[PDB]
Each structure stands twice: as C-alpha cells, then as structure tokens.
$ cat entry36.cif   # mmCIF, N, CA and C atoms
data_start
#
loop_
_atom_site.label_atom_id
_atom_site.label_comp_id
_atom_site.auth_asym_id
_atom_site.auth_seq_id
_atom_site.Cartn_x
_atom_site.Cartn_y
_atom_site.Cartn_z
N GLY U 1 0.83 -1.24 0.00
CA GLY U 1 0.00 0.00 0.00
C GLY U 1 0.84 1.26 0.00
N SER U 2 0.43 2.25 0.79
CA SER U 2 1.15 3.51 0.88
C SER U 2 1.17 4.03 2.31
N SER U 3 -0.01 4.25 2.87
CA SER U 3 -0.13 4.75 4.24
C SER U 3 -0.66 3.66 5.17
N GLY U 4 -0.32 2.41 4.87
CA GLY U 4 -0.76 1.30 5.69
C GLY U 4 -2.19 0.89 5.39
N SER U 5 -2.40 0.33 4.20
CA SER U 5 -3.73 -0.11 3.79
C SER U 5 -3.78 -1.62 3.63
N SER U 6 -4.93 -2.13 3.20
CA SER U 6 -5.11 -3.57 3.00
C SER U 6 -5.94 -3.85 1.75
N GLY U 7 -7.05 -3.13 1.61
CA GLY U 7 -7.91 -3.32 0.46
C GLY U 7 -7.64 -2.30 -0.63
N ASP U 8 -6.39 -1.86 -0.73
CA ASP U 8 -6.01 -0.88 -1.74
C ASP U 8 -5.63 -1.57 -3.05
N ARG U 9 -4.88 -2.67 -2.94
CA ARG U 9 -4.45 -3.42 -4.11
C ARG U 9 -5.27 -4.70 -4.28
N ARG U 10 -5.45 -5.42 -3.18
CA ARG U 10 -6.21 -6.66 -3.19
C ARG U 10 -6.38 -7.22 -1.78
N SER U 11 -5.31 -7.14 -0.99
CA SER U 11 -5.35 -7.64 0.38
C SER U 11 -4.18 -7.07 1.19
N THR U 12 -2.99 -7.10 0.61
CA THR U 12 -1.80 -6.59 1.28
C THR U 12 -1.52 -7.37 2.55
N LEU U 13 -0.39 -8.08 2.57
CA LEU U 13 -0.01 -8.88 3.73
C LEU U 13 -1.06 -9.94 4.04
N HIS U 14 -0.64 -10.98 4.76
CA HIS U 14 -1.55 -12.06 5.12
C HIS U 14 -1.93 -11.99 6.59
N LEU U 15 -3.04 -12.62 6.95
CA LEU U 15 -3.51 -12.62 8.33
C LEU U 15 -4.50 -13.76 8.56
N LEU U 16 -4.40 -14.39 9.73
CA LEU U 16 -5.28 -15.50 10.07
C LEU U 16 -6.49 -15.00 10.87
N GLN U 17 -7.66 -15.56 10.57
CA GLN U 17 -8.89 -15.17 11.25
C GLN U 17 -9.62 -16.40 11.78
N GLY U 18 -9.33 -16.76 13.03
CA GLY U 18 -9.97 -17.91 13.64
C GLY U 18 -10.53 -17.60 15.01
N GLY U 19 -11.74 -17.07 15.05
CA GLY U 19 -12.37 -16.74 16.31
C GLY U 19 -12.34 -15.25 16.61
N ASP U 20 -12.98 -14.85 17.70
CA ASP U 20 -13.02 -13.45 18.09
C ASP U 20 -12.04 -13.17 19.23
N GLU U 21 -10.94 -13.91 19.24
CA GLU U 21 -9.93 -13.75 20.28
C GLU U 21 -8.93 -12.66 19.89
N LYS U 22 -8.39 -11.97 20.90
CA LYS U 22 -7.43 -10.90 20.67
C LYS U 22 -6.33 -10.92 21.73
N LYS U 23 -5.10 -11.16 21.30
CA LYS U 23 -3.96 -11.20 22.21
C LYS U 23 -3.35 -9.81 22.37
N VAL U 24 -3.49 -9.24 23.57
CA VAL U 24 -2.94 -7.92 23.85
C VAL U 24 -1.63 -8.02 24.62
N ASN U 25 -0.52 -7.91 23.89
CA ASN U 25 0.80 -7.98 24.51
C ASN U 25 1.31 -6.59 24.87
N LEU U 26 1.61 -6.39 26.15
CA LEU U 26 2.11 -5.10 26.62
C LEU U 26 3.45 -5.27 27.34
N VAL U 27 4.33 -4.29 27.18
CA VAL U 27 5.64 -4.33 27.81
C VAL U 27 5.78 -3.23 28.86
N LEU U 28 5.95 -3.62 30.11
CA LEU U 28 6.09 -2.67 31.21
C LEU U 28 7.56 -2.43 31.53
N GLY U 29 7.84 -1.35 32.25
CA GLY U 29 9.21 -1.02 32.62
C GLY U 29 9.44 -1.11 34.11
N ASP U 30 9.62 0.04 34.75
CA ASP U 30 9.86 0.09 36.18
C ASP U 30 8.80 0.94 36.88
N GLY U 31 7.76 0.29 37.38
CA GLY U 31 6.69 1.00 38.06
C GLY U 31 5.52 1.30 37.15
N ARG U 32 5.36 0.49 36.10
CA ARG U 32 4.27 0.67 35.15
C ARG U 32 3.05 -0.15 35.56
N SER U 33 2.00 -0.08 34.75
CA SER U 33 0.77 -0.82 35.03
C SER U 33 -0.21 -0.71 33.86
N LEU U 34 -1.31 -1.44 33.95
CA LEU U 34 -2.32 -1.42 32.90
C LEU U 34 -3.38 -0.36 33.18
N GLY U 35 -3.65 -0.12 34.46
CA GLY U 35 -4.64 0.88 34.83
C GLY U 35 -6.05 0.47 34.45
N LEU U 36 -6.31 -0.83 34.49
CA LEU U 36 -7.63 -1.35 34.14
C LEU U 36 -8.35 -1.86 35.38
N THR U 37 -9.56 -1.36 35.60
CA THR U 37 -10.36 -1.75 36.75
C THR U 37 -11.13 -3.04 36.46
N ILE U 38 -10.48 -4.18 36.67
CA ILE U 38 -11.11 -5.47 36.43
C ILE U 38 -12.07 -5.83 37.55
N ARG U 39 -13.07 -6.65 37.22
CA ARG U 39 -14.06 -7.07 38.20
C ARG U 39 -14.29 -8.58 38.13
N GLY U 40 -14.99 -9.11 39.13
CA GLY U 40 -15.26 -10.54 39.16
C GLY U 40 -14.09 -11.34 39.70
N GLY U 41 -14.35 -12.60 40.06
CA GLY U 41 -13.30 -13.45 40.58
C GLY U 41 -13.81 -14.81 41.00
N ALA U 42 -12.90 -15.71 41.35
CA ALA U 42 -13.26 -17.05 41.77
C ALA U 42 -13.98 -17.03 43.12
N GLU U 43 -13.59 -16.10 43.98
CA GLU U 43 -14.20 -15.97 45.30
C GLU U 43 -15.69 -15.70 45.19
N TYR U 44 -16.07 -14.92 44.18
CA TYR U 44 -17.47 -14.58 43.96
C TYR U 44 -18.11 -15.52 42.94
N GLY U 45 -17.30 -15.99 42.00
CA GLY U 45 -17.80 -16.89 40.97
C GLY U 45 -18.10 -16.18 39.67
N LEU U 46 -17.38 -15.09 39.41
CA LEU U 46 -17.57 -14.31 38.19
C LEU U 46 -16.29 -14.26 37.37
N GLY U 47 -16.44 -14.12 36.06
CA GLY U 47 -15.28 -14.06 35.19
C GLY U 47 -14.45 -12.81 35.40
N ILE U 48 -13.42 -12.64 34.58
CA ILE U 48 -12.55 -11.48 34.69
C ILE U 48 -12.86 -10.46 33.60
N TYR U 49 -13.67 -9.46 33.94
CA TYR U 49 -14.04 -8.42 32.99
C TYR U 49 -13.35 -7.11 33.32
N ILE U 50 -13.66 -6.07 32.55
CA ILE U 50 -13.07 -4.75 32.76
C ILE U 50 -14.14 -3.67 32.85
N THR U 51 -14.00 -2.79 33.83
CA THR U 51 -14.96 -1.71 34.03
C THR U 51 -14.25 -0.42 34.42
N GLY U 52 -13.06 -0.21 33.87
CA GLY U 52 -12.30 0.99 34.18
C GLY U 52 -11.02 1.09 33.37
N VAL U 53 -10.75 2.28 32.83
CA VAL U 53 -9.56 2.50 32.03
C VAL U 53 -8.87 3.81 32.42
N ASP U 54 -7.59 3.73 32.76
CA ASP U 54 -6.83 4.91 33.15
C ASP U 54 -6.57 5.81 31.95
N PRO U 55 -6.63 7.14 32.15
CA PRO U 55 -6.39 8.11 31.07
C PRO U 55 -4.92 8.23 30.70
N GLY U 56 -4.44 7.30 29.88
CA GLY U 56 -3.05 7.32 29.47
C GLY U 56 -2.28 6.12 29.98
N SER U 57 -2.90 4.95 29.95
CA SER U 57 -2.26 3.72 30.41
C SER U 57 -1.78 2.88 29.24
N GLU U 58 -1.17 1.74 29.54
CA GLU U 58 -0.66 0.85 28.51
C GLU U 58 -1.80 0.07 27.85
N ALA U 59 -2.86 -0.18 28.62
CA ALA U 59 -4.01 -0.92 28.11
C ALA U 59 -4.86 -0.04 27.20
N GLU U 60 -4.90 1.26 27.50
CA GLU U 60 -5.67 2.20 26.72
C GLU U 60 -5.09 2.36 25.32
N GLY U 61 -3.77 2.51 25.25
CA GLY U 61 -3.10 2.67 23.97
C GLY U 61 -3.28 1.46 23.07
N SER U 62 -3.13 0.27 23.64
CA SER U 62 -3.28 -0.96 22.88
C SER U 62 -4.68 -1.07 22.28
N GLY U 63 -5.68 -0.68 23.06
CA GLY U 63 -7.05 -0.74 22.59
C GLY U 63 -7.95 -1.53 23.52
N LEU U 64 -7.76 -1.34 24.82
CA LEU U 64 -8.56 -2.04 25.82
C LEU U 64 -9.59 -1.10 26.45
N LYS U 65 -10.83 -1.57 26.54
CA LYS U 65 -11.91 -0.77 27.12
C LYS U 65 -12.78 -1.62 28.05
N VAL U 66 -13.76 -0.98 28.68
CA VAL U 66 -14.66 -1.68 29.59
C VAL U 66 -15.56 -2.65 28.83
N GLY U 67 -16.02 -3.69 29.52
CA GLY U 67 -16.88 -4.67 28.90
C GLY U 67 -16.12 -5.89 28.41
N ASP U 68 -14.85 -5.69 28.07
CA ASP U 68 -14.01 -6.78 27.59
C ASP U 68 -13.87 -7.87 28.65
N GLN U 69 -13.72 -9.11 28.20
CA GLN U 69 -13.57 -10.25 29.10
C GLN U 69 -12.20 -10.88 28.96
N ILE U 70 -11.37 -10.74 30.00
CA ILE U 70 -10.03 -11.31 29.99
C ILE U 70 -10.07 -12.82 30.15
N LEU U 71 -9.66 -13.53 29.10
CA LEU U 71 -9.65 -14.99 29.13
C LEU U 71 -8.45 -15.51 29.91
N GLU U 72 -7.25 -15.20 29.43
CA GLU U 72 -6.02 -15.64 30.09
C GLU U 72 -4.93 -14.58 29.96
N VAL U 73 -3.95 -14.64 30.86
CA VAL U 73 -2.85 -13.69 30.85
C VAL U 73 -1.53 -14.37 31.19
N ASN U 74 -0.52 -14.13 30.37
CA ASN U 74 0.80 -14.72 30.58
C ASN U 74 0.72 -16.25 30.54
N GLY U 75 -0.22 -16.76 29.75
CA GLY U 75 -0.38 -18.20 29.63
C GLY U 75 -1.01 -18.82 30.86
N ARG U 76 -1.83 -18.03 31.56
CA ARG U 76 -2.50 -18.50 32.76
C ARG U 76 -4.01 -18.35 32.64
N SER U 77 -4.74 -19.41 32.96
CA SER U 77 -6.20 -19.39 32.89
C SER U 77 -6.78 -18.38 33.87
N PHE U 78 -7.39 -17.33 33.33
CA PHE U 78 -7.99 -16.29 34.15
C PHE U 78 -9.49 -16.50 34.29
N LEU U 79 -9.91 -17.76 34.25
CA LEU U 79 -11.33 -18.10 34.38
C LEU U 79 -11.70 -18.38 35.83
N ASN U 80 -10.74 -18.90 36.59
CA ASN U 80 -10.96 -19.22 38.00
C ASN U 80 -9.90 -18.55 38.87
N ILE U 81 -9.51 -17.34 38.50
CA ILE U 81 -8.50 -16.60 39.25
C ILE U 81 -9.16 -15.65 40.26
N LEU U 82 -8.60 -15.60 41.46
CA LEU U 82 -9.13 -14.73 42.51
C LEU U 82 -9.13 -13.27 42.06
N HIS U 83 -9.92 -12.45 42.74
CA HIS U 83 -10.02 -11.03 42.42
C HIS U 83 -8.73 -10.30 42.77
N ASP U 84 -8.28 -10.48 44.02
CA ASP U 84 -7.06 -9.83 44.48
C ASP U 84 -5.84 -10.38 43.74
N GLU U 85 -5.90 -11.65 43.36
CA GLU U 85 -4.80 -12.29 42.64
C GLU U 85 -4.74 -11.79 41.20
N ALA U 86 -5.90 -11.52 40.62
CA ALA U 86 -5.97 -11.04 39.25
C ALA U 86 -5.52 -9.59 39.14
N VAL U 87 -5.75 -8.83 40.20
CA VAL U 87 -5.36 -7.42 40.23
C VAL U 87 -3.87 -7.27 40.53
N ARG U 88 -3.33 -8.21 41.31
CA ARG U 88 -1.92 -8.17 41.67
C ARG U 88 -1.07 -8.88 40.61
N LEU U 89 -1.56 -10.01 40.12
CA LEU U 89 -0.85 -10.78 39.11
C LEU U 89 -0.63 -9.94 37.85
N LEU U 90 -1.55 -9.03 37.58
CA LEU U 90 -1.46 -8.17 36.40
C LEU U 90 -0.43 -7.07 36.62
N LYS U 91 -0.34 -6.59 37.86
CA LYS U 91 0.61 -5.53 38.20
C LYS U 91 1.87 -6.11 38.83
N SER U 92 2.29 -7.27 38.33
CA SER U 92 3.49 -7.93 38.84
C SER U 92 4.39 -8.39 37.69
N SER U 93 3.78 -9.03 36.70
CA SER U 93 4.53 -9.53 35.55
C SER U 93 4.90 -8.38 34.61
N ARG U 94 6.05 -8.51 33.96
CA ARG U 94 6.52 -7.48 33.03
C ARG U 94 5.72 -7.51 31.74
N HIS U 95 5.80 -8.63 31.02
CA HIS U 95 5.08 -8.78 29.76
C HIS U 95 3.66 -9.29 30.00
N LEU U 96 2.70 -8.38 29.96
CA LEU U 96 1.30 -8.73 30.17
C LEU U 96 0.59 -8.99 28.84
N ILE U 97 0.28 -10.26 28.58
CA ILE U 97 -0.40 -10.64 27.35
C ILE U 97 -1.88 -10.92 27.60
N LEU U 98 -2.65 -9.85 27.80
CA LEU U 98 -4.08 -9.98 28.05
C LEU U 98 -4.81 -10.44 26.79
N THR U 99 -5.39 -11.63 26.85
CA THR U 99 -6.12 -12.19 25.72
C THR U 99 -7.63 -12.06 25.94
N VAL U 100 -8.20 -10.94 25.50
CA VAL U 100 -9.63 -10.70 25.64
C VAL U 100 -10.36 -10.93 24.32
N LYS U 101 -11.68 -11.05 24.40
CA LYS U 101 -12.49 -11.27 23.21
C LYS U 101 -13.39 -10.07 22.94
N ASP U 102 -13.82 -9.93 21.69
CA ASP U 102 -14.69 -8.82 21.30
C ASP U 102 -16.09 -9.01 21.86
N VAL U 103 -16.32 -8.47 23.05
CA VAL U 103 -17.62 -8.57 23.70
C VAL U 103 -18.47 -7.33 23.44
N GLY U 104 -19.12 -7.30 22.29
CA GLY U 104 -19.96 -6.17 21.94
C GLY U 104 -19.60 -5.58 20.59
N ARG U 105 -20.08 -6.21 19.52
CA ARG U 105 -19.81 -5.74 18.17
C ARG U 105 -21.10 -5.63 17.36
N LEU U 106 -21.82 -6.74 17.25
CA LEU U 106 -23.07 -6.77 16.50
C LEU U 106 -24.27 -6.79 17.46
N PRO U 107 -25.36 -6.09 17.10
CA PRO U 107 -26.56 -6.03 17.93
C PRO U 107 -27.28 -7.37 18.01
N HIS U 108 -27.55 -7.96 16.85
CA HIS U 108 -28.24 -9.25 16.78
C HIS U 108 -28.47 -9.67 15.34
N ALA U 109 -27.77 -10.71 14.91
CA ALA U 109 -27.90 -11.22 13.55
C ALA U 109 -28.06 -12.73 13.53
N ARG U 110 -28.20 -13.29 12.34
CA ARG U 110 -28.36 -14.74 12.18
C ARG U 110 -27.90 -15.19 10.80
N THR U 111 -28.32 -14.47 9.77
CA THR U 111 -27.95 -14.80 8.40
C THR U 111 -27.42 -13.57 7.67
N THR U 112 -26.19 -13.18 7.99
CA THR U 112 -25.56 -12.02 7.37
C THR U 112 -24.33 -12.43 6.57
N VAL U 113 -24.34 -13.66 6.07
CA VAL U 113 -23.22 -14.18 5.29
C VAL U 113 -23.64 -15.38 4.45
N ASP U 114 -23.71 -15.20 3.14
CA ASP U 114 -24.10 -16.27 2.24
C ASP U 114 -24.02 -15.82 0.78
N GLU U 115 -22.92 -16.17 0.12
CA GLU U 115 -22.71 -15.80 -1.27
C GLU U 115 -23.66 -16.57 -2.18
N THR U 116 -23.82 -17.86 -1.91
CA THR U 116 -24.70 -18.71 -2.70
C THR U 116 -26.16 -18.51 -2.30
N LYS U 117 -26.38 -18.14 -1.04
CA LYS U 117 -27.73 -17.92 -0.53
C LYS U 117 -28.54 -19.21 -0.57
N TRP U 118 -28.20 -20.14 0.32
CA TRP U 118 -28.90 -21.42 0.39
C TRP U 118 -28.80 -22.17 -0.93
N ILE U 119 -28.00 -23.22 -0.96
CA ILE U 119 -27.82 -24.02 -2.16
C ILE U 119 -28.99 -24.97 -2.36
N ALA U 120 -28.97 -25.70 -3.48
CA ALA U 120 -30.04 -26.64 -3.79
C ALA U 120 -29.46 -27.95 -4.33
N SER U 121 -29.79 -29.05 -3.67
CA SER U 121 -29.31 -30.37 -4.08
C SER U 121 -30.47 -31.25 -4.55
N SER U 122 -30.14 -32.41 -5.10
CA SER U 122 -31.15 -33.34 -5.58
C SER U 122 -32.00 -32.70 -6.68
N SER U 123 -31.58 -32.87 -7.92
CA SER U 123 -32.30 -32.31 -9.06
C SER U 123 -32.29 -33.28 -10.24
N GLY U 124 -33.11 -32.98 -11.24
CA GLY U 124 -33.19 -33.83 -12.41
C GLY U 124 -33.80 -33.13 -13.61
N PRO U 125 -35.12 -32.86 -13.57
CA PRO U 125 -35.82 -32.18 -14.67
C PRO U 125 -35.14 -30.88 -15.07
N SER U 126 -35.11 -30.60 -16.37
CA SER U 126 -34.49 -29.39 -16.89
C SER U 126 -35.11 -28.99 -18.22
N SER U 127 -36.39 -29.29 -18.39
CA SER U 127 -37.10 -28.96 -19.62
C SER U 127 -38.10 -27.84 -19.39
N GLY U 128 -38.93 -28.00 -18.36
CA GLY U 128 -39.93 -26.99 -18.05
C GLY U 128 -40.79 -27.38 -16.86
#

$ encode --input "entry36.cif" --output "structure tokens"
Amino acid sequence: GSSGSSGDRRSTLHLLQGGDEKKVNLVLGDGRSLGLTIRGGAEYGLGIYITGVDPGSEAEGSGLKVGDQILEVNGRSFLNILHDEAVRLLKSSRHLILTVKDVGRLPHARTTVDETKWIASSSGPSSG
C-alpha cells in the first residue's frame, strides 16, 4: 500500500482469522501498570471483565476498554482466578499478554453471510 492499507491493491499482507480472540501484549518497565479496573473473581464466581480505564495507560493505547472479558494472561487461565490475585498478578509480571475477546460488536444477527444464498441439491428435470 502507501499509508498502511489492506484493500487498496487486493489484500496486502496475510492474516489469520480464527475466532473473536485478541492477544494484547504489553511491555512494562519500572513501576508501570495497565490501569484497568477489572471485576469478578473465583471468590465470587464471576469471570474477569473490565470496568475501568486509566487516562493514558498501557491498556488504553493498545485498545482495551470496559466490557471486555479477559480470558487468560501470561499463559494462565484467568477463568478461575481470585479477584485480588488477578489485580496483583497483572501488576506484577513485566510482559502482560491480556487475551480478551470482542464482547460487543453486533446487535443481533443470524444470516448475514451467504454468497450462494442457500444451495439446492437433488435435481433432475431441466425442460420446463
């Protein structure tokens, strides 16, 4: 492309699309953090979501917002992780690879993809 495009020539560069998963890799230094107000935990029995974003954090720049659901971090299952452990574990490791999913894109659909539009099998007659 020219200014970083994809559908300018035909596709530009390759990319895999398998699921609505998103790996957010962040690199911290000395005294850094994500600044994300996560909620839920194993103690209560709720997943690891986000309901707060710091104005100028590492998670904000990457593209993290409220509503997102953190699946795993640093190769660790964040499905049954304690609340205090999830808040500390995130502000402890250097390379934080938050793998969240797109929770909130489409309002409600069912059939928004079909080039052939329902195929037809089992045929014979072709006169009239």

$ closest_residue --input "entry36.cif" --among "U:1, U:29, U:121, U:35" --to "residue 61 of chain U" --atoms "only C-alpha atoms"
U:35

$ residues_around --input "entry36.cif" --residues "residue 93 of chain U" --least-positions-apart "3" --cutoff "8 Å" --atoms "only N, CA and C atoms" --output "count of residues only"
8

$ residues_around --input "entry36.cif" --residues "segment 101-107 of chain U" --least-positions-apart "3" --cutoff "6 Å" --atoms "all atoms listed in the file" --output "list in words"
residues 20, 21, 22, 67, 68, 69, 70 and 71 of chain U

$ resolve_selection --input "entry36.cif" --expression "the PyMOL selection byres (((chain U and resi 83 and name CA) around 7) and name CA)" --output "ChimeraX atom specification"
/U:40-42,81-82,84-87

$ closest_residue --input "entry36.cif" --among "U:80, U:58, U:119, U:125" --to "residue 32 of chain U" --atoms "only N, CA and C atoms"
U:58

$ atom_distance --input "entry36.cif" --atom1 "atom N of residue 52 of chain U" --atom2 "atom CA of residue 64 of chain U"
9.4 Å

$ select_by_dssp --input "entry36.cif" --residues "chain U" --states "helix (DSSP H, G or I)" --output "ChimeraX atom specification"
/U:58-62,83-90

$ atom_distance --input "entry36.cif" --atom1 "atom C of residue 91 of chain U" --atom2 "atom C of residue 45 of chain U"
22.4 Å

$ atom_distance --input "entry36.cif" --atom1 "atom C of residue 17 of chain U" --atom2 "atom C of residue 114 of chain U"
18.1 Å

$ closest_residue --input "entry36.cif" --among "U:99, U:51, U:126, U:25" --to "residue 37 of chain U" --atoms "all atoms listed in the file"
U:51

$ closest_residue --input "entry36.cif" --among "U:3, U:100, U:94, U:46" --to "residue 66 of chain U" --atoms "only C-alpha atoms"
U:100

$ decode --input "entry36.cif" --residues "segment 31-45 of chain U" --atoms "N, CA, C and O atoms" --output "compact mmCIF listing (two decimals), in the first residue's frame"
# COMPACT_ATOMS: atom_id res chain seq x y z
N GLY U 31 7.76 0.29 37.38
CA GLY U 31 6.69 1.00 38.06
C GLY U 31 5.52 1.30 37.15
O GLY U 31 4.76 2.24 37.39
N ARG U 32 5.36 0.49 36.10
CA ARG U 32 4.27 0.67 35.15
C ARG U 32 3.05 -0.15 35.56
O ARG U 32 3.06 -0.83 36.59
N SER U 33 2.00 -0.08 34.75
CA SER U 33 0.77 -0.82 35.03
C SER U 33 -0.21 -0.71 33.86
O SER U 33 0.04 0.02 32.90
N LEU U 34 -1.31 -1.44 33.95
CA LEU U 34 -2.32 -1.42 32.90
C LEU U 34 -3.38 -0.36 33.18
O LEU U 34 -3.93 0.24 32.25
N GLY U 35 -3.65 -0.12 34.46
CA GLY U 35 -4.64 0.88 34.83
C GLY U 35 -6.05 0.47 34.45
O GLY U 35 -6.88 1.32 34.13
N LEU U 36 -6.31 -0.83 34.49
CA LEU U 36 -7.63 -1.35 34.14
C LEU U 36 -8.35 -1.86 35.38
O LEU U 36 -7.83 -2.69 36.13
N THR U 37 -9.56 -1.36 35.60
CA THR U 37 -10.36 -1.75 36.75
C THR U 37 -11.13 -3.04 36.46
O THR U 37 -12.30 -3.00 36.06
N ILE U 38 -10.48 -4.18 36.67
CA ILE U 38 -11.11 -5.47 36.43
C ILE U 38 -12.07 -5.83 37.55
O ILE U 38 -11.92 -5.38 38.68
N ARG U 39 -13.07 -6.65 37.22
CA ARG U 39 -14.06 -7.07 38.20
C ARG U 39 -14.29 -8.58 38.13
O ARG U 39 -13.84 -9.24 37.20
N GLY U 40 -14.99 -9.11 39.13
CA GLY U 40 -15.26 -10.54 39.16
C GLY U 40 -14.09 -11.34 39.70
O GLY U 40 -12.97 -10.83 39.80
N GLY U 41 -14.35 -12.60 40.06
CA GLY U 41 -13.30 -13.45 40.58
C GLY U 41 -13.81 -14.81 41.00
O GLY U 41 -15.02 -15.06 40.99
N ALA U 42 -12.90 -15.71 41.35
CA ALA U 42 -13.26 -17.05 41.77
C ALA U 42 -13.98 -17.03 43.12
O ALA U 42 -14.87 -17.85 43.37
N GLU U 43 -13.59 -16.10 43.98
CA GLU U 43 -14.20 -15.97 45.30
C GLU U 43 -15.69 -15.70 45.19
O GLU U 43 -16.48 -16.18 46.00
N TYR U 44 -16.07 -14.92 44.18
CA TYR U 44 -17.47 -14.58 43.96
C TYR U 44 -18.11 -15.52 42.94
O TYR U 44 -19.30 -15.81 43.01
N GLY U 45 -17.30 -15.99 42.00
CA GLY U 45 -17.80 -16.89 40.97
C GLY U 45 -18.10 -16.18 39.67
O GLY U 45 -18.96 -16.61 38.90
